[PDB]
Amino acid sequence: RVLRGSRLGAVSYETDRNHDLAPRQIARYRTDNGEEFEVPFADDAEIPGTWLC
Amino acid sequence: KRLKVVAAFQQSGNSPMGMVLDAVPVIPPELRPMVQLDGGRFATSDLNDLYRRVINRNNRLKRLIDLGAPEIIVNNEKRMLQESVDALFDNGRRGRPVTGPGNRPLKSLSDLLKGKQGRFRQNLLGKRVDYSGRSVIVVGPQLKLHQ
Amino acid sequence: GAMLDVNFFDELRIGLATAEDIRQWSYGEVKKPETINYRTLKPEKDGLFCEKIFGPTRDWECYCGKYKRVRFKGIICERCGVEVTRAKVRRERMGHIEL
Amino acid sequence: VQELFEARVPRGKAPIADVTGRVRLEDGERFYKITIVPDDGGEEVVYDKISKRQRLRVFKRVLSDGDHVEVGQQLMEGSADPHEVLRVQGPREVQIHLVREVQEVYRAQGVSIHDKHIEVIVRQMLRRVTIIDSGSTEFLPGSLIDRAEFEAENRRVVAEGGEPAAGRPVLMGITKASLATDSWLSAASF
Amino acid sequence: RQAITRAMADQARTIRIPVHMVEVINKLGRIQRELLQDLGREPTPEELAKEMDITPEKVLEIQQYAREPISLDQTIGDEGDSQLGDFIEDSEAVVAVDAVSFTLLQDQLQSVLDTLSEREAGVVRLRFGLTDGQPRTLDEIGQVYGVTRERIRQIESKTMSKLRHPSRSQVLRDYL
Amino acid sequence: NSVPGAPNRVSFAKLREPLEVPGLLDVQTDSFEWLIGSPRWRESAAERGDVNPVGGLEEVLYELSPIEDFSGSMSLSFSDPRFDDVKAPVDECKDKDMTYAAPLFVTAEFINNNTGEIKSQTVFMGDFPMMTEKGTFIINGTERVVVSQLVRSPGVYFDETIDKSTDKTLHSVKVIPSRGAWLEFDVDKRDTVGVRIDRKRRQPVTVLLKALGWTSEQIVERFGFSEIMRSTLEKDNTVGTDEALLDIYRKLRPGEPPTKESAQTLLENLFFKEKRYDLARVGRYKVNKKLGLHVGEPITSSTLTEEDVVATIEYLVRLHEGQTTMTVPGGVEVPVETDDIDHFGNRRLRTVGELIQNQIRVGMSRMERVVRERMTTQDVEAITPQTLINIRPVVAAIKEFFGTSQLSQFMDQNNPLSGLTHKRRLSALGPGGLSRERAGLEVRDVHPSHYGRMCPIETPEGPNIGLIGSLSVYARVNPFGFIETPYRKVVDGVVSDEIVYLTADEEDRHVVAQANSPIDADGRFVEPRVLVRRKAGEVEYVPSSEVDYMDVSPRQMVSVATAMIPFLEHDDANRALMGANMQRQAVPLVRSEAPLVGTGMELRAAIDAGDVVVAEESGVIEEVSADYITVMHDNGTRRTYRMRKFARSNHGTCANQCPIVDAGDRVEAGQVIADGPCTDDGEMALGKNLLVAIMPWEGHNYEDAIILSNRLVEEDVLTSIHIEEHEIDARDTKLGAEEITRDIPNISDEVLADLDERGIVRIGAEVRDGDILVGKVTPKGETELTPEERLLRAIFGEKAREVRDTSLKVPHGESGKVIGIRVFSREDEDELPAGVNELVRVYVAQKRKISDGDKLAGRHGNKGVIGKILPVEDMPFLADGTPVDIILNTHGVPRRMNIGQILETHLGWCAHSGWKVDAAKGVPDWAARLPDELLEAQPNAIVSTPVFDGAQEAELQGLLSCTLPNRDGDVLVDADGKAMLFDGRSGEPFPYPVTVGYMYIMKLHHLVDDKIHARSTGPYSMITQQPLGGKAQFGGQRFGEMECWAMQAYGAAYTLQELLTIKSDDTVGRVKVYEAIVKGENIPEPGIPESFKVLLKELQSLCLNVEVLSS
Ligand SMILES: C/C(=C\[C@H](C)CCCCC(=O)O)[C@@H]1O[C@@H]2C=C[C@@H]1OC(=O)\C=C/C=C\C=C\[C@H]1O[C@@H]3C[C@H]1O[C@@H](/C=C/C[C@H]1O[C@H](C[C@H](O)[C@H]1C)[C@@H](O)[C@@H](O)/C=C/CC/C=C/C2)[C@@H]3C
Ligand SMILES: [Zn+2]
């Protein structure tokens, strides 16, 4: 009778905390036509050289 | 009748450059979901075919331009690209609509608004509500008027 | 302008959108006619469902699975490239096609 | 009812006069040629195609040749189009005619509707005016804008640019007046 | 013909399927058509696996892969106002009673852990990550309290024995 | 009478009708055995001429044969279709969900022209579903019934449409064929014709005439008497026959350079080649009847002819001129008149054989196209008809017809009248017919040709009035598809017995008498001035010598279900429509008592409905049981009839079958041997007989509500079985496979005591709403764990239990015992869809009582729900202690014009108590025409007043005055039909006598349990975020548009904001609302709905910069 569907994505339930998070850096990437973009990477993480903007 | 649209473009802070188009946006995938049912019978959302046709013809045109071809092939490919974007924005406007399996026309991006099945006509038709119920009715000849 | 929309409104101004505003709303250029993997049922890279462009399918999880906690929030994985956030941002993030 | 609220032209369109005077009633071959002799010195307005299936309007007796009729007197029997009674008898008399004609329908079934429920709808018809002279203030002929907006700028533009626009009351139906609104979001749903 | 067949293998399907799977799917379809015209009925999958020199579970996997998706923009019911996508229960949604049950469970857990001492609640919260979402180990708990890992383990076992009481734990038993 | 085991139902009829009712399912069975080509149909068509009879299959294969290539060097034939037996019998197919099919076998033949061969095989054409003995097909287990269909007959038509700007009657003609190209010969606003060959653009007839091969001289000597054709001759404006072909090609085909060779071959390929233009045999016969061309030759050559085209144009121009007749050169004269589409002379009936034939033809066209393709690509001296033939589009066309079509519907069975009326049902919708929105208002009305061919009463009363009808009783379908009707022929005023079946046209040719005419018992009328029906549907008083046809009987113009209403001639047409429509929604009760007063149609309509086991041959009963009857025939052989006990119908009702014969009895052929669902002793029984008063009682029976006694609840008088069917399937997934077992995670062992060791419940266990029916557990996979769930598992030591429970639970508001369990398994090698290993079906049944809210109705449209069930003490009892059963209301009787229920009530009281008139001084005057053996009757005796010839007022009143008492000498009901009631509640008598009697009421299929429906919070939708809709789910009510108008008109803005934000779409708001109600706080402020943000994302996606501004 009834037909059910499911997108392939897990749904959690937690509290959106704003105070205590894992800290993180910011790096600037530069494209060919003078565009700049800032990507927040994690702290304990390697900073890759090139990055698709 | 021409000064109408000429003063319309002059009076506002618009520009006539945006009637030709150079980048096409993509609606988010939760509004066009590919959900599976019970048993793996997948259910797409009928805009992904239009987006796939636009992506395919654009990639083929890029390959043809990088390759270098005579003018007939490039003009045919650009005409097909233009008709793909036209079918994406409004199917069935220019000539025969792009159809799917069983001669059924695909619900394009503008068909979510107009018609009896659009967003506007539904949103004026009303939603369905929680905390409701129905049943058959019978006469209540002992109740008071506010009961 | 207002992108958070906390219930105070005065005007709803329509207007004709340009190429700059179109490529300024977008979060990445979709460049492949692929939707989902046929075997593992996961979204492809640079496709019409790509988790780098539109966001994560699962709540607070990157694509490669390195970060899975709410403590990592607002950051982008170094390998897969998915910003860790809620799975309702796939409702709202838009992409663009470069003709 | 629907042809009255839409302000369409009717089927049995009996004509109306434009000025007083005795009539030049003439019953031609298979269709009548009704001309009106004006009371004062004026032109004789001729009505061309009045078929014999239409009937003479009975009033005060049957219609006769040389009947001294009034200004907006209905000529034959039937129903006058309200566009013509507006241009002839102004804005007050068309409101009297539009209410009384609708209220004649509902009385046939003994249905009681108070007139203020109809006077709200008739108020929404005559809100706009036509433009025949643009003046010197951002206007175009053939435009239909609000009466409250046409006069309010004409209160100010008579100083420093005193070319006032020429306005006239128009009667438009419900289906037409509902589209010309100030909100695009409401008119999108129509 | 090579380029046309390659493009038909690439772009003629909604979800993308590689070239060798397209080839074996078309082989399976041609062999099923031939056996349908010959036998007169639909072939058994074991007979198809016998014909194609593979296993019947591989035949079932290929038949699973061959299923094209259906569209969401048709009319299911008699009236065309009912589209297909208006009869799909979103099974990955929020049930809206488990959420308030989770909040009530968090509040009861906070009260129950407050019925213990300060050090016991501290070591349990830092053991199970109840306050930040990071499960620390006995080394980190003995570092933040200045004692051995074994003393922390003893305190943890003592508290786990303390919580395993009916009087202390019936209100938590009813949550599962 | 004429049925051996019949109950003695004494009739009130005066007319002795000659003709009995025909076979009620012949409209299905004759058409299907015409399509097969059965030998029974062969001799039946040999009974009336037809020296060359052909089935539908051989007709299709003969109009296909032969197939030829572009060169004509190879040819394929088709001949001799023959069938096998059916592969599996009826009950086994209905059990295992297989269709009821049989194989086709066709001898194909391939002939090589160049070197000389035949190649004769026996090509298996495909499986083919077969009609059962009740006119029903079986598709995948269910029972489907193909509905017939009315279409417009192909041929010529004529009409005029006057324009008031022209004041001229502008004629027209549409020669509409089957499967062809349209063409018209209009007349324009001027005095010129317009020839719109297939609908490009208008043209004059001189272009097509010179294109046909005609000169102006032949134009003049054929068309010689109209200024219209002379003015078009002077306005021909294009000189040249080849120029006319060039102009025709240039006008018909756009964007193509014209040529003089292919244009002349195009026109012969468009209208005179019998492969792309085929008006049918019916259409050719209709055209030859209309123009009088072919008068005595058999109907062949299904393409057009130029003689027919020029005769059409001559007929059109002489109708435009205005005549009374015209003879064609070489043919008989014909009257000139226009044509009516709604007439049944132009509206044939595409029955089930025609529909199956059209589907087979449209399959064989694609199969022929594949053959014509692979005729060339294959190599010669290697191929054969086994290699050339692909049967899969034919079998796909058949399987695509029987499922997923408009005309193939489920058999509406909840009582055997409903099956009988779902067959013999005539519609105008469906493929090949007009749409509902495009339905003209004139095609919904009753044409005067419907007398005896279609019921003007029985039709659906929604937005489908007149589009769907049913056949009449004595009607019959021609071989051509027109509808015949019997008539008694009468010569010189003496009414004979020669019954002649007329159609609509030759009905119009003659004049037609009346059924109830006073005949002198010698053949002749008693008055010269008789009622009669003229040609155009008029009603006159003709002298009694022009009459040449009489009706056979009354009730000829009525359907089957409408012929079961007593005193139909006293009811209005709307309420008789409602009564005949509600007579088939009745449910089968558990006792099924026969009605007291009825018509004579119950017995035939029951034993023709097929739901009654009839004795096939005369013999003696050997052994009865509750499950089978074995009879012993006159010569040795025995046969056993397996009953159906508690079988589920298509709508949940029950289908019991109990015997009515004893051990030692002797039966005859055709005698009823076993009752059905709604039968008693042979005849139909849809309800019970109940005492009824017509007083208004305390406002409980206010505005058509009904109150009942408690005796009907106590004594199971209105109770019925209902059987529901649940289903679950253990598929296979990526992570593993779902398993059916008992080990359900996190579920107590208290509710796991019902089901057996393998998961399913046991037979006999009573289930409540929400119990476990089939234990099913799925693999789920791995997820992260929240710290609180981790700590609770660490405290309690319960394991992970990685598998997820998705069991089968009984839905909300259901209960009852468990009858049967049917399980299909992969290891037992049954057919299943791909990836499913175990299918298990559980049948739950419950015994629904009567309750307030349930809907009851009589046989006259007097419906109404049950308002209150009073106890048996406070119910207005009669003069001797008998309490009444139901209490109707007075005010609903006179303003609906259905006092047929009052006459039924009076005659029901007379038939219950029993009467005996006094023949001491002879028969009284009112009972002179009253037939014999009705002068006295026992109590509880059945009677039958037929439809239009039944009881009269004087007969009923005099019979009601003499109505012999019960036990003591107490005539409880006086001469007016009333009685002195007592108030059971206060105690005093009611001060005025009240009408009482015995009515017949039925319980309808609108029970409360299928309607009561509620929702607090349940399943939500996927694309939009609104709550889901439908009683099958939890489901929320639609707060529509006019309700928003009402909430705006009240001024209540806050309730409207709540109803459109936090009850439908505010996804972050619904959880906060539920939390605030549970914790007991104030409801928070609503946010932006989801629909508006979806609209915003679409408008941004459509290259429109939509921006929200604040200041
Ligand atoms: C609207 C319609 C059929 C409706 C579904 C039912 C009749 C509506 C009239 C009414 O309200 O009484 C038209 O039906 C045909 C073609 C076009 C239309 O179909 C349509 O456009 C609509 C549906 C067409 C085919 C549906 C096939 C399957 O859908 C399910 C299973 C299959 O059939 C459906 C069941 C049909 C039997 C019905 O029968 C009716 C009562 C119930 O409504 C049903 C039990 C009875 O009135 C029955 O005696 C009369 C049937 C009408 C005979 C066929 C006429 C033409 C059931 C819902
Ligand atoms: Zn990742």
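Residues numbered from 1 in each chain as written, not as in the entry; some residues may be left out. Chains lettered and ligands numbered in written order. Part of a larger assembly, values for the part shown. Heavy atoms only, no water. Residues with missing side-chain atoms left out of burial classes, pairs and counts.

For this coordinate set, the PDB header names cryo-EM as the determination method and states a resolution of 3.39 Å.

Student: Explain the overall build of chain D to me, please; I cannot follow it from the model alone.
Tutor: For chain D, the helix and strand inventory stands at six helices and six strands. The order of α-helices and β-strands along chain D, N terminus first, is α-β-β-β-α-α-β-β-α-β-α-α. Over its C-alpha atoms, taken along the principal directions, chain D stretches across nearly 55 × 45 × 25 Å. (Helix = DSSP H or I, 4+ residues; strand = E, 2+ residues; numbered from the N terminus.)

Student: I tried to follow the interface of chain F and chain B on my own but got confused; where do I start?
Tutor: A common way to state how big an interface is: give the accessible area lost once the parts meet. With 48 residues of chain F at the interface, the matching set in chain B holds 33 residues. Around 3800 Å² of area is buried between chain F and chain B when both sides are counted, 60% of it from carbon and sulfur atoms. Considering only the surface of chain F that becomes buried against chain B, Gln1037(F), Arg1038(F) and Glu1098(F) emerge as the three largest contributors, covering 17% of it. In this assembly, chain F and chain B are joined by three salt bridges. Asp130(B) is the partner of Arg1015(F) in a salt bridge, and the nearest nitrogen-oxygen pair spans 2.5 Å. Here chain F and chain B share 17 residue pairs in polar contact between them. Among the secondary structure elements, those contributing two or more residues to the side of chain F that touches chain B are β46 (863-869), β51 (1013-1015), α24 (1053-1061), α25 (1067-1079) and α26 (1090-1101) of chain F. Among the elements that make up the side of chain F that touches chain B, the one with the highest residue count is α26(F) (eight residues). Looking at the side of chain F that touches chain B residue by residue, the classes come out as 22 nonpolar, 15 polar and 11 charged. Sheet analysis places strand β4 (residues 132-134) of chain B next to β51(F), joined by three bridges and oriented antiparallel. (Contact = heavy atoms within 4.5 Å. Buried area = accessible area lost by both parts, 1.4 Å probe. Salt bridge = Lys/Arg side-chain N within 4 Å of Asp/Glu carboxyl O. Polar contact = N/O pair within 3.5 Å; in protein donor to acceptor, adjacent residues only side chain to side chain. Nonpolar A, V, L, I, M, F, W, Y, C, P; charged D, E, K, R; others polar. Pairing = 2+ DSSP bridges.)

Student: Quick question: what am I supposed to make of the interface of chain B and chain E here?
Tutor: At the junction of the two partners, chain B supplies 17 residues and chain E supplies 16 residues. Put simply, the parts of the chain that give the side of chain B that touches chain E at least two residues each are β3 (42-43) and α2 (48-67) of chain B. The dominant element in the side of chain B that touches chain E, judged by the number of residues it contributes, is α2(B), at four residues. Each residue belonging to the side of chain B that touches chain E can be placed in one class, and the counts come to four nonpolar, six polar and seven charged.

Student: Explain the coordination of the zinc ion (ligand 2) to me, please; I cannot follow it from the model alone.
Tutor: By definition of the ideal shapes, a tetrahedral metal site with four donors has angles of 109.5 degrees and an octahedral site with six donors has angles of 90 or 180 degrees. Protein-derived coordination of the zinc ion (ligand 2) comes from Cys62(C) (SG), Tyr63(C) (N), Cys64(C) (N), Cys64(C) (SG) and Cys80(C) (SG), at a distance range of 2.2 to 2.6 Å. When the donor residues of the zinc ion (ligand 2) are listed from N- to C-terminus, their spacing reads C-Y-C-x15-C. (Donors = N, O, S within 2.8 Å, 3.2 Å for Na, K, Ca; no water.)

Student: Got a minute to help me understand helix α3 (residues 71-89) of chain B in this structure?
Tutor: A turn of α-helix holds 3.6 residues, and therefore any two residues three or four places apart point the same way. Between the first and last C-alpha of α3(B) there are 27 Å, a value that for 19 residues agrees with the 27 Å anticipated at 1.5 Å per step. Of the residues making up α3(B), those classed as buried are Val74(B), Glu77(B), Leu81(B), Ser84(B), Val85(B), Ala87(B), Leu88(B) and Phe89(B). In this fold, the buried residues of α3(B) make contact with β1 (23-26) and α2 of chain B together with α26 of chain F. (Expected span 1.5 Å × (residues − 1). Buried < 20%, exposed > 50% of the residue type's maximum accessible area, 1.4 Å probe, protein only.)

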